[PDB]
């Protein structure tokens, strides 16, 4: 069964915009989004549709690029490290749930390298 998706806005959580958060949305997220391997990561894992009944029995901190995008659009993060942490959570969840050699893991690995490539240099303040 599917849990509620991660929140994308919270009235108790303070919002912020930085030059690095604008970078992560405009170039990092939006370039990754257009990659040929992006499609499995553009929305939360639908355990019912994908016939993965154990996915949320294993993954207790789910994360996907659609949630990250909405969070960036809503100024949900305080800084860039908070957003990068969500990207790393998405990738690690995929390696936790699946095994080396799986097609999904090969796709995740390709996207992680491109992500690291792009966050290697970020803008300044």
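Numbering follows the first chain given and starts at 1.
Stretches 91-99 and 61-69 differ in mean C-alpha B factor, with the higher average recorded for 91-99.
Residue 108: CA B factor in the middle third of modelled residues in this chain (values from the PDB entry).
Annotation for residue 31: CA B-factor lies in the middle third of the chain's modelled residues. Remark: residue 116 belongs to the middle third of its chain, ranked by C-alpha B-factor as recorded. The entry lists a Cα temperature factor for residue 48 that places it in the highest third of the chain's modelled residues. Compared with the other modelled residues of the chain, the Cα B-factor recorded for residue 85 ranks in the middle third.
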